[PDB]
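Report on one structure; see the data block that follows.
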Amino acid sequence: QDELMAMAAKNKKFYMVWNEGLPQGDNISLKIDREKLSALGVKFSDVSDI
Amino acid sequence: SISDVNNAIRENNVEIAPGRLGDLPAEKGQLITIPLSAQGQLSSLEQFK
Amino acid sequence: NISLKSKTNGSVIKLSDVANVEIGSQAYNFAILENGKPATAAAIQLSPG
């Protein structure tokens, strides 16, 4: 999509070419270590529920 | 309590789902596949009592 | 890597030990031979009229 926009910017047969959508953003991933959770004897279902 | 009778009826009156011998995936060399049946449902008053 | 608890020794046991986990087929009911070479196929059935 970015490459296509780059091509369309210099085309001269299109007055304006834009992309409809939302921009990419930062996401935070929490990585539940499952064996560490098992060491505490905590069901993964409980963690998911909380 | 009234929940115990319901639970007991569900447990005892349960429809089993038996499979089949030599059901795919099956080991090489077999020549016989036979259905397997089992009835976990009660059909008579003496069975329910 | 799923974990179970063995009461006999009270030990953590990984599922792989007590079973083989494999990406297989959902069901094993059909097979296709195009010209003697196994393959896969789908049959199209027309809508009425």
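Residues are named by chain letter and number: chains run A, B, ... in the order of the structure tokens, numbers start at 1 in each chain, and ligands are numbered from 1 in the order shown.
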Write out as a list in words every residue belonging to chain C that has an atom at most 9 Å from any atom of chain B, counting only C-alpha atoms.
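Applying the cut-off to the listed atoms yields residues 27, 28 and 29 of chain C.
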Chain B: residues DSSP assigns to alpha helix (DSSP H), reported as a PyMOL selection string:
chain B and resi 2-12+45-48
Do you have the atom CA of residue 10 of chain B-atom CA of residue 48 of chain B distance handy?
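Atom CA of residue 48 of chain B lies at a distance of 11.4 Å from atom CA of residue 10 of chain B.
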Quick one: everything within 12 Å of residue 49 of chain B, counting only C-alpha atoms, minus sequence neighbours fewer than 6 positions away in the same chain. Send it as number ranges by chain.
B: 5, 8-9, 12-13, 42-43
Quick check: residues of chain A within 9 Å of chain C, only C-alpha atoms, returned as a list in words.
residues 34, 35 and 38 of chain A
